[PDB]
Amino acid sequence: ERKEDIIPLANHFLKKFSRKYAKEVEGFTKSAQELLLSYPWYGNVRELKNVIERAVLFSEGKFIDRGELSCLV
Amino acid sequence: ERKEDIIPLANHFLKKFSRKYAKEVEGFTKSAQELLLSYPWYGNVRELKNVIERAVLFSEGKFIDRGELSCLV
Amino acid sequence: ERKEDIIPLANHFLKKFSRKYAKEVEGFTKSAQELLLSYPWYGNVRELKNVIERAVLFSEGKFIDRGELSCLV
Amino acid sequence: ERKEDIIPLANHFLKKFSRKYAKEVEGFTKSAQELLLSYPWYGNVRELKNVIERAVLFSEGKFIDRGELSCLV
Amino acid sequence: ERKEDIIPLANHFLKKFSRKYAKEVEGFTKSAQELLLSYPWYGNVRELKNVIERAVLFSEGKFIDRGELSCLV
Amino acid sequence: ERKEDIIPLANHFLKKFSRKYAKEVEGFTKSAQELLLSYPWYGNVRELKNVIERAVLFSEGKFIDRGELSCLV
Amino acid sequence: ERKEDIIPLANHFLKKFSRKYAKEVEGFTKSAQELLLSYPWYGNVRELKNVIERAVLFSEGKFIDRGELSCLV
Amino acid sequence: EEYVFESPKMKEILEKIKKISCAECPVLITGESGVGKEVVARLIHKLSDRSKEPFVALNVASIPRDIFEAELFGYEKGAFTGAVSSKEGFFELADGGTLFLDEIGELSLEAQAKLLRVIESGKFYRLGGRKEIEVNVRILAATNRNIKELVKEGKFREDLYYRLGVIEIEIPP
Amino acid sequence: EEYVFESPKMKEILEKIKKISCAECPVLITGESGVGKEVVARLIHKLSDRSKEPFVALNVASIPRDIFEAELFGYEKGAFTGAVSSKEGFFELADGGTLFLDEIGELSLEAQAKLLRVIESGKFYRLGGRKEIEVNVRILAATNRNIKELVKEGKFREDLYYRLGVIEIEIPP
Amino acid sequence: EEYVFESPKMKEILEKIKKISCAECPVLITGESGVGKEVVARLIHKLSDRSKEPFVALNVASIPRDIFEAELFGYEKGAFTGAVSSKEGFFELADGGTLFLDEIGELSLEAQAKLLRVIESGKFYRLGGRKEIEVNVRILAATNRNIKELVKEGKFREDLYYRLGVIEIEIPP
Amino acid sequence: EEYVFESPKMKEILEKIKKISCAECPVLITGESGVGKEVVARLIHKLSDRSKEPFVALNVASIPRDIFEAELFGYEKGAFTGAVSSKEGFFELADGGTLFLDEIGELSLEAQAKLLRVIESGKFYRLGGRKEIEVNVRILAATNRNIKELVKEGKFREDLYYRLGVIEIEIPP
Amino acid sequence: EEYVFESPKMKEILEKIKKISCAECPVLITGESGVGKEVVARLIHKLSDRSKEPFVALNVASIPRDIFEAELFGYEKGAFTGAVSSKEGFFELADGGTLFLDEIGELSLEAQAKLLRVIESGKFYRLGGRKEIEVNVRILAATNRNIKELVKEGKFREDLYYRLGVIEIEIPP
Amino acid sequence: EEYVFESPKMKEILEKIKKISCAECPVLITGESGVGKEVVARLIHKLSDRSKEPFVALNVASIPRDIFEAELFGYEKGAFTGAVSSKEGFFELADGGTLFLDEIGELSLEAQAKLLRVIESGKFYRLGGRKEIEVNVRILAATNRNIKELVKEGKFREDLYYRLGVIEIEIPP
Amino acid sequence: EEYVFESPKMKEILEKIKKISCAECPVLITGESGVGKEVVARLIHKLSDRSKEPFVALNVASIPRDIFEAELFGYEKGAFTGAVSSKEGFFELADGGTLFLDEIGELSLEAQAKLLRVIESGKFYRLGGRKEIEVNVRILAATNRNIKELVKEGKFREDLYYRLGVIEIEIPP
Ligand SMILES: Nc1ncnc2c1ncn2[C@@H]1O[C@H](COP(=O)(O)OP(=O)(O)O)[C@@H](O)[C@H]1O
Ligand SMILES: Nc1ncnc2c1ncn2[C@@H]1O[C@H](COP(=O)(O)OP(=O)(O)O)[C@@H](O)[C@H]1O
Ligand SMILES: Nc1ncnc2c1ncn2[C@@H]1O[C@H](COP(=O)(O)OP(=O)(O)O)[C@@H](O)[C@H]1O
Ligand SMILES: Nc1ncnc2c1ncn2[C@@H]1O[C@H](COP(=O)(O)OP(=O)(O)O)[C@@H](O)[C@H]1O
Ligand SMILES: Nc1ncnc2c1ncn2[C@@H]1O[C@H](COP(=O)(O)OP(=O)(O)O)[C@@H](O)[C@H]1O
Ligand SMILES: Nc1ncnc2c1ncn2[C@@H]1O[C@H](COP(=O)(O)OP(=O)(O)O)[C@@H](O)[C@H]1O
Ligand SMILES: Nc1ncnc2c1ncn2[C@@H]1O[C@H](COP(=O)(O)OP(=O)(O)O)[C@@H](O)[C@H]1O
Ligand SMILES: Nc1ncnc2c1ncn2[C@@H]1O[C@H](COP(=O)(O)OP(=O)(O)O)[C@@H](O)[C@H]1O
Ligand SMILES: Nc1ncnc2c1ncn2[C@@H]1O[C@H](COP(=O)(O)OP(=O)(O)O)[C@@H](O)[C@H]1O
Ligand SMILES: Nc1ncnc2c1ncn2[C@@H]1O[C@H](COP(=O)(O)OP(=O)(O)O)[C@@H](O)[C@H]1O
Ligand SMILES: Nc1ncnc2c1ncn2[C@@H]1O[C@H](COP(=O)(O)OP(=O)(O)O)[C@@H](O)[C@H]1O
Ligand SMILES: Nc1ncnc2c1ncn2[C@@H]1O[C@H](COP(=O)(O)OP(=O)(O)O)[C@@H](O)[C@H]1O
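Residues numbered from 1 in each chain as written, not as in the entry; some residues may be left out. Chains lettered and ligands numbered in written order. Heavy atoms only, no water.

The deposited coordinates for this entry were obtained by cryo-EM, with a reported resolution of 16.00 Å.

Per the PDB entry, chain H goes by TRANSCRIPTIONAL REGULATOR and derives from Enterobacteria phage mu. The title given to this PDB entry is "MuB is an AAAplus ATPase that forms helical filaments to control target selection for DNA transposition".

As recorded in the PDB entry, chain A goes by the name TRANSCRIPTIONAL REGULATOR, listed as coming from Enterobacteria phage mu.

What follows is the structure, encoded as structure tokens:
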């Protein structure tokens, strides 16, 4: 109920971890950003924190889209 | 089959209880002693133990005869 | 069983705390004083001590009435 | 089993304390002396020591009788 | 199926116990030795161990024969 | 599903144990090697580990064939 | 296992103490000497040392026999 | 006002109760349904030394034969699927007071025994294990059936009979 | 006065008891109900070296089969919902004295075993875990059923038979 | 004199025992009741390097399933109402020697696991907490049931099977 | 030679493992019995930065639920009858390395909590008192049950789920 | 951006928090699971005068009831087998800051008391002996159970209630 | 205004307090929970000669039984892992004033003794060693249990009873 | 008036005391609780040559086992956190007089030894280091337990037994 938070938060996280695991990950793609906004996030902020540490590690290029995310969300 | 035991035993018991319930009961009368010897005592020593605790309590004077006993035996 | 104590005590307390938390609270209103006298005070003096530290903090103006009190009592 | 000790001892004690707490207590009354002799004194000399320090303090006049004692013994 | 064992074993046992219960029992008689060899010994070595502790205790003189044994075997 | 592993592994094991129990066992014979490859090895690597510690101990000469193995496999 | 020591030792001790506590005790009687020799003396020399200091003190006349000893041994 | 006793045989039975006063030996009451058995137990106890003490009356028929040996005594945890706590007991609740077992004949052989053991030892254990509780309860059995008979039918332990048969009162219809 | 033994077979059995005196091996007594079994146990023990020592007689039928293995031995805390203290034992209460188990056939296979283990080792543990107690109790089993039979029915452990079957007395009706 | 082995299959099994001598891997013995299993364990151990060392044989059936996991291993204080001392263990008593678990199939899933852990690690803890004891005990399981079967019934842990199934001896009726 | 991974979904899962390499967040592995869970943990750790560091795998089922909270963590002296020394811990033994808790669903609510506290704080205390030890252990939970479900059954703490649910791998039968 | 409060009753509760700002009297928070209790504690403290000071939140359920009275407070050396140093405390770690005890009802009677003593005196001792430490910690209890009830169940000390019941906030589901 | 005493038995008890004024012998107060015990102690002391002197009230239940004998008296350095200084004492803090031990029955046998020694000698030592401190504290015990009983249960030292039983006040519910 | 001794065995024991007069060898008194042990010590000393000298009676149970070896003897500074002065001793206070150790069995093995050393040498040191004090104290041990037994339990040093067992008095209940 704060879809206006998912994309900013997520982006926070993607930054934390991208720096924590030294990964050249800059950010999410549109396709991905959508998904993140549609997911119900039962865990809420917590679950997104995990979903993205996980997506940062699984990340291969500079961005994240339906690819790594769908694996979870 | 030890009628030579009934009167001594009985007398044991009458003593135990007369002292246990603080009753001025000294002993059985002839008339009573007879009965005790005629009873078949199926329960044997046990039944006599009860029959007399019971007779000691039911006792009113200093002795026990056909009176209280017949109530049972 | 000392309704003659509630209003004086209460007034003691309201003073302690009003001074302890630097609150411009002078005292209880009639409407409030009534309530305080009707409450059963199971905790007694203790419960009133708390009920009022709490009411002193919750206090907004110079007085306390049904308002803050009802919150509790 | 030294009832010949209770009254002398007691009297010792009543003296100790009467002097220890500056109490104008001279001694026990008959009525009291009886009680002291009937009590079983499980604690024995010890219990009597206490029973009387206690009775010396509780004492109001010059003597001690059924009054203060019964409170205990 | 080791009748060549019964008499030696038995003799072992009779020694153990004769010494365990301080009994002047030296050994089995012919008549007895026979029996021991004919018994089927379902319990085998165990049963013989018992049969003889038992026979050592039941023993009256210096030897054991049909007497005590038959009681069992 | 790695029959290309049975013979090498087995050979690993036969070495471990041959050295662990100081047994002059050099290795398996053809006849034996076949069997080892045909067995389904439900336990897999584990079962072969056991089957051979066991075969190393049971070993009598310098080699192992249908002999000791059949005992198990 | 040195019964040839008990009576000499004992006699040593009885001398030490008889002199240590100024007691007119000269020595043990036959009856006593026997006992001392039969006792197992678990404590050995030590226990006898004590048993006799103790017997020297308990001593009443000039000698020691079954009397004082039995108290212990 | 008062209670009701006036016929000779009862004018009597009341007294028998009164005498028994100073006692604690179990009592066996027997009479047809309605005769006043449970009214006598209650009176015996009003008269015993422990009148002020509790009266734990329990109909032995008012409980399925398979749960009596679980509620009379008590229950040691996890021995029967589902146990919120080792179960207390009417024996334990009746500790210090009377335990009026109504309709005795309806006791399972297993409990008939288990009672006997507690009438003599006075100690009991909840299920398998050992006794760890102290109960002082006066037994008061009342039944409308003829005990003796049941003994030849094997439905009633004899030794348990004589044990409760210390004092025996029989209420005439 | 005295007790009663005068028939040959009993004139006997008394002596067998007397001889057994100086012993401690378990004893297996068997006779129809009422024959005097429990009277012999009691006499065996009055005669054993430990007469002055306690006599812990317990009817194996006077306790629900599910709580025997909780009271004979003992109980280790919190293993069954509700435990006021790890439960002591009749074995422990009988320590140093006799333990007359009446009506043996009525032993669960689980305890029949658990007893055997204590007849040989003499050590026991209350529930799961290990032995931490020392008990010196002479076993005295008495049953009115025919043991042997029960062995072919599988209701009675054989090895436990021979173990108690050290000394065996049979009371004729 | 001596012991008894003369049939081919046993003339054999004796040797298998002899060879196994210099070993310590657990051993799984299986045969109908009475076939000589527990006689082989005993012989295996008389022959192992640790013959002079103790032999801790314990019937897994001779102990209520709820107290096995309390006596095999041991017990950490106050975890079950009543604990006189953290309970030692047959594992600890068998330390340095053999531990012949008879009738394995009768192991609770909980202990079947707990054993496995000690067959591999060799370390164990008494209840909740961690291992603080060092035990060197050679496992010797004997059962009369068919293990494999039990595995498809889920009553017997498979991995625990293969672990004890290092050396396997089968006694023919 | 090598190990075995060739199916797409696993050709995958291997990589997921490889990527996770440079990490330490707990990992939750789930698949039917036998699927290779514990084989993946082991591989994850062979690949993590701490491969050379220890691997403390412990089956949560291989220990009675009442002694897990005594061996996982550790134990502060004299808190349970019998304590030879405050008990170390698998957590402490796994310090600096991996701690593979197998069959997580089998964690008591009490430990499920106690673990959570150590997954976040990383500090723990043996029983009552406070933390005085420093442990750096990477949690690796594997269970064959469906966690989520258990959460609606209340048998599994949710917050502990998401905490271990950082990285989640699911092995297909 | 920000946090979330907009419903009347909460539009409220926020303020109550704000007012309470300048205070230190303990606070009792109560609401169903998930309602935001622990979110309010955290906010109360972000708002108290000691926001910059530590926040020592500890789930009273996340620790075995026997080790809470060892970790909350602290521990005096050698009092429980194995002590590396007299154990510090969450009370001591929370000194100068907040100590949010979650799920209060789960406090042992022993600690419920021991807390009370520290809510009034503010001094505490690690085990037997006397207080030698100075702690200034604001108590913040939150529980989802109904305290009052627990008081008639005897599971919760009343005087400890009123002590924490200085300021009481109730979060509606 | 004032305090509250008006019923005969209390109209009394107040005076008993007043008389006791000029004394120092310990006092034993007993009444159901809430009756006013701790209110009387406080009054006794407001009335004793040492009213202006401190009042060291300590609930004997508000401290784990293993740390009471560490805080009541005091503690000699390095005797229990971790000691910042030999621990002072409530006895030492109460020196010159009153020491109101609430709920006495809850005293360990070890301290029950240790108190006795200080009620007679008035000297005490912190742990092993000897007394090196001088304390003048008037003992004031209050308990809601029946002391005498506890004496036959062995949970309460008798000689310690009579020692505190110098002056005894009983508050009626 | 006087004291009380009139039964033969005591008519005796008094004399034994009288004879022992002129002695100083330790004395071992043993009898059930209450029999008069501590009354005899006191009398022995009233009769010894040192009657006018002090009587230092100390209950070995009235002090936590960890502080006895700190108060009996004494304490050398800074050896245990917090020491106001090297602690004197009951031995030193009893110097020149009697030292009646009540309930001896309750002596730690460490002190049982440490006493022995002082019963023979008469010299002692407070903690680590060497003896620097001269004490002439007559030992008077009294215990209600059976010493000998304790010796086979290893709870009581034998050589310390025989040392105190110079003169031994046994008070019959
Ligand atoms: N508003 C937020 N902005 C950025 N990160 C957040 C936010 N809220 C929570 N987080 C992160 O998510 C996790 C959830 O934390 P927490 O505050 O404990 O949740 P809860 O509401 O259950 O108390 C934290 O570890 C934190 O780092
Ligand atoms: N010979 C006797 N003399 C005196 N009292 C006896 C005698 N025999 C039995 N009793 C009493 O009778 C009761 C019957 O006891 P018991 O020995 O158990 O009988 P049983 O022969 O059935 O074992 C006992 O409680 C005992 O007090
Ligand atoms: N009569 C009173 N007048 C003013 N304040 C009081 C009065 N009685 C109690 N209080 C206050 O209420 C609280 C209750 O204190 P307390 O005396 O300990 O109660 P209790 O009767 O349970 O011992 C105290 O902290 C005190 O400050
Ligand atoms: N060959 C033997 N020689 C002497 N005594 C034996 C012999 N065999 C067994 N025994 C005795 O008989 C009993 C039977 O013992 P055991 O070896 O356990 O039998 P099983 O073959 O059933 O294992 C033992 O207590 C032992 O003392
Ligand atoms: N590939 C292998 N090469 C050599 N030995 C192996 C191999 N795999 C397993 N083993 C041996 O077999 C046993 C099986 O081990 P493990 O890895 O635990 O199996 P699992 O796959 O069930 O986890 C081990 O003790 C090990 O020594
Ligand atoms: N003697 C009596 N006097 C007055 N009322 C009686 C008497 N006997 C029985 N009653 C009444 O009759 C009813 C039947 O009682 P009860 O004794 O319990 O039946 P039962 O004898 O079958 O147990 C009771 O409610 C009681 O009030
Ligand atoms: N030989 C006997 N001499 C005297 N009384 C006996 C004898 N045998 C049995 N009794 C009596 O018979 C009753 C039955 O006793 P008991 O032996 O306990 O039965 P069971 O043999 O079934 O166990 C006892 O109360 C006892 O007094
Ligand atoms: N091969 C054998 N030679 C001699 N005696 C044997 C042999 N096998 C078994 N026995 C005997 O048979 C009995 C049964 O023994 P056991 O092996 O313990 O049974 P199980 O195999 O069921 O465990 C033992 O007492 C033993 O003396
Ligand atoms: N992918 C795989 N490649 C090779 N062997 C495997 C693979 N997966 C499992 N195994 C084998 O199967 C066995 C089962 O292993 P495990 O993963 O421990 O079971 P579970 O998944 O239930 O924990 C192991 O001994 C291992 O050698
Ligand atoms: N009022 C709120 N505004 C925003 N988030 C909230 C609010 N209340 C709860 N939450 C969120 O819900 C989760 C549950 O939090 P919490 O308060 O810790 O549960 P509980 O009340 O049971 O202790 C937190 O992670 C938090 O981010
Ligand atoms: N006689 C009394 N007069 C006025 N207040 C009392 C009286 N007795 C008790 N109280 C009140 O009741 C409360 C209970 O007090 P307390 O005596 O401490 O309980 P307890 O007797 O269990 O120790 C106190 O807070 C006190 O204010
Ligand atoms: N022989 C006696 N004559 C007179 N009083 C005695 C005698 N023996 C004991 N007492 C009394 O009994 C009480 C118990 O004393 P005590 O000897 O100290 O117990 P214990 O023997 O357990 O140490 C003492 O207070 C004392 O007055």
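That shown, we press on.
A. Molecular detail of the side chain of M:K37. For M:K37, the location among the structural elements is in helix α2 (residues 37–47). If we skip the residues at most four places from it in the chain, M:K37 touches M:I29, M:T30, M:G31, M:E32, M:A142, M:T143, M:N144 and M:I171. (Helix = DSSP H or I, 4+ residues; strand = E, 2+ residues; numbered from the N terminus. Contact = heavy atoms within 4.5 Å.)

B. Inspection of helix α5 (residues 109–120) of chain H at higher detail. All names here are of chain H. Given a rise of 1.5 Å per residue, 12 residues ought to cover 16 Å, and the 17 Å separating the end C-alpha atoms of α5 matches this to within 8%. Counting buried positions along α5 yields nine of 12 residues, so the element is predominantly enclosed. Along α5, the residues that are buried comprise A111, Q112, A113, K114, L115, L116, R117, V118 and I119. One or two positions beyond α5, positive phi appears at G122, with a value near 80°. (Expected span 1.5 Å × (residues − 1). Buried < 20%, exposed > 50% of the residue type's maximum accessible area, 1.4 Å probe, protein only.)

C. Structural detail: the interface of chain H and chain I. Across the contact, 24 residues belong to chain H and 31 residues belong to chain I. Counting the surface lost from both chain H and chain I, the interface buries some 1900 Å², and carbon and sulfur atoms represent 53% of this. Seen at the junction of chain H and chain I, the total is one salt bridge. Residue I:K87 pairs with H:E132 through a salt bridge whose shortest N-O separation is 3.2 Å. Summed over the shared surface of chain H and chain I, the number is 23 residue pairs in polar contact. Top contributing element to the side of chain H that touches chain I by residue count: α5(H), with four residues. Grouping the amino acids of the side of chain H that touches chain I by side-chain chemistry returns nine nonpolar, five polar and 10 charged. (Buried area = accessible area lost by both parts, 1.4 Å probe. Salt bridge = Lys/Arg side-chain N within 4 Å of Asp/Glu carboxyl O. Polar contact = N/O pair within 3.5 Å; in protein donor to acceptor, adjacent residues only side chain to side chain. Nonpolar A, V, L, I, M, F, W, Y, C, P; charged D, E, K, R; others polar.)

D. Just the sheet that holds strand β3 (residues 98–102) of chain M, in detail. Residues and elements named next belong to chain M. The strand order across the open sheet built from five strands is β2-β3-β6-β1-β7, with neighbouring strands paired in parallel fashion. The open sheet has two edge strands with one neighbour each: β2 (55–59) and β7 (167–170). Between one strand and the next, the sheet's axes are offset by a mean angle of 15°, whatever the strand orientation. Looking at chain direction, β3 and strand β6 (residues 138–143) are connected through five bridges and run parallel. By the bridge assignment, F100 is partnered in β6 with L140. (Pairing = 2+ DSSP bridges. Axes fitted to C-alpha atoms, helices over the stretch in contact; angles between N-to-C directions.)

E. Region of the structure containing the pattern of salt bridges. Applying the stated criterion across every chain yields a total of 83 salt bridges over all chains. The shortest N-O distance in the salt bridge between M:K19 and D:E60 comes to 2.6 Å. Pair noted here: M:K19 is in helix α1 (residues 8–20) and D:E60 is in the loop between α3 (45–58) and β2 (63–64), and the two residues belong to different chains. Overall, D:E60 belongs to the exposed group, its relative accessible area being 59%.

F. Structural view of the pairing of strand β6 (residues 138–143) of chain N. Residue and element names in this part refer to chain N. Judged by how many residues are buried, β6 sits mostly within the fold: six of six residues are covered. Residues of β6 alternate between two faces, with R138, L140 and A142 on one and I139, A141 and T143 on the opposite face, all of them buried. As judged from the four bridges shared by strand β1 (residues 27–30) and β6, these two strands associate in the parallel manner. Along β6, the bridge assignment pairs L28 with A141.

G. Inspection of the packing of helix α1 (residues 3–20) of chain C against helix α3 (residues 45–58) of chain C at higher detail. All names here are of chain C. One way to put it is that α1 packs onto α3 with a least axis distance of 9 Å and a crossing angle of 45°. With respect to their mutual orientation, α1 and α3 come out oblique. Here the hand of the crossing between α1 and α3 comes out right-handed. Together, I6, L9, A10, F13, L14, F17, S18 and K20 of α1 and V45, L48, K49, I52, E53 and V56 of α3 make up the contact between the two elements. (Parallel < 35°, antiparallel > 145°, perpendicular 65-115°, else oblique. Left-handed = near helix turned anticlockwise from the far one by under 90°.)

H. Expanded view of the site of ligand 12. All names here are of chain N. In the region of ligand 12, the neighbouring residues are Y3, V4, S33, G34, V35, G36, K37, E38 and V39. Residue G36 places a main-chain N or O atom 2.8 Å away from an oxygen atom belonging to ligand 12. In the environment of ligand 12, an oxygen atom lies 2.7 Å from a nitrogen or oxygen atom belonging to the backbone of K37. Of the residues assigned to the shell around ligand 12, the class counts are four nonpolar, three polar and two charged. (Near = heavy atom within 4 Å.)

I. Fine view of the site of ligand 6. Residue and element names in this part refer to chain H. Around ligand 6 sit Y3, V4, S33, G34, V35, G36, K37, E38 and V39, and that is every residue in its neighbourhood. Within the backbone of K37, an N or O atom sits 2.7 Å from an oxygen atom of ligand 6. Here an oxygen atom of ligand 6 and a backbone polar atom of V39 are 3.2 Å apart. Here ligand 6 loses 58% of its free accessible area of 560 Å² to cover by the protein chains. Here the residues of the shell around ligand 6 sort into four nonpolar, three polar and two charged. (Areas by Shrake-Rupley, 256 points an atom, 1.4 Å probe, with all protein chains shown as cover.)

J. How the structure looks around the interface of chain F and chain J. Taken residue by residue, the interface counts 11 residues in chain F and 13 residues in chain J. Summed over both sides, the interface between chain F and chain J buries roughly 1100 Å², with carbon and sulfur atoms accounting for 61% of that surface. Of all residues in chain F, F:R54, F:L57 and F:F58 give up the largest surface area on contact with chain J, accounting jointly for 48% of the area buried on that side. At the junction of chain F with chain J, the criterion picks out one salt bridge. Our count for the contact surface shared by chain F and chain J stands at four residue pairs in polar contact. When the residues that make up the side of chain F that touches chain J are grouped by side-chain class, the tally is four nonpolar, two polar and five charged.

K. Quick peek at a positive patch on the surface. All names here are of chain A. On the surface, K15, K16, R19, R46 and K49 cluster together into a positively charged patch. Taken together, the elements giving at least two residues each to the positive patch come down to α1 (3–20) and α3 (45–58). For the positive patch, the element with the highest residue contribution is α1, accounting for three residues. Looking at where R19 falls in the secondary structure, it is placed in helix α1. (Patch = residues over 30% accessible without salt bridge, like charges linked within 9 Å, V, L, I, M, F, W, Y side chains within 5 Å. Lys, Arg positive; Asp, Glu negative; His and termini not counted. Charge placed at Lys NZ, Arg CZ, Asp CG, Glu CD.)

L. Looking closely at the sheet that holds strand β1 (residues 27–30) of chain K. Residue and element names in this part refer to chain K. Strand order across the open sheet formed by five strands is β2-β3-β6-β1-β7, with parallel pairing between neighbours. Bordering the open sheet on either side are β2 (55–59) and β7 (167–170), each of which pairs with just one other strand. Here the strands of the sheet are splayed against their neighbours by 15° on average, with no regard to which way each runs. Pairing geometry for β1 and β7, over four bridges, is parallel. Pairing of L28 across the sheet is with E168, part of β7.

M. Structural detail: helix α3 (residues 45–58) of chain B. Residues and elements named next belong to chain B. If you check α3, its first and last C-alpha atoms are 20 Å apart, about what 14 residues at 1.5 Å a residue would give, namely 20 Å. Burial within α3 is extensive, with 11 of its 14 residues counted as buried. Within α3, the full set of buried residues consists of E47, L48, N50, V51, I52, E53, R54, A55, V56, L57 and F58.

N. A negative patch on the surface, seen in detail. A cluster of acidic side chains, namely H:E53, H:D95, H:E134, M:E149 and M:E153, defines a negative patch on the protein surface. Here M:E153 is to be found in helix α6 (residues 147–153). For M:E153, a relative accessible area of 51% gives the class exposed.

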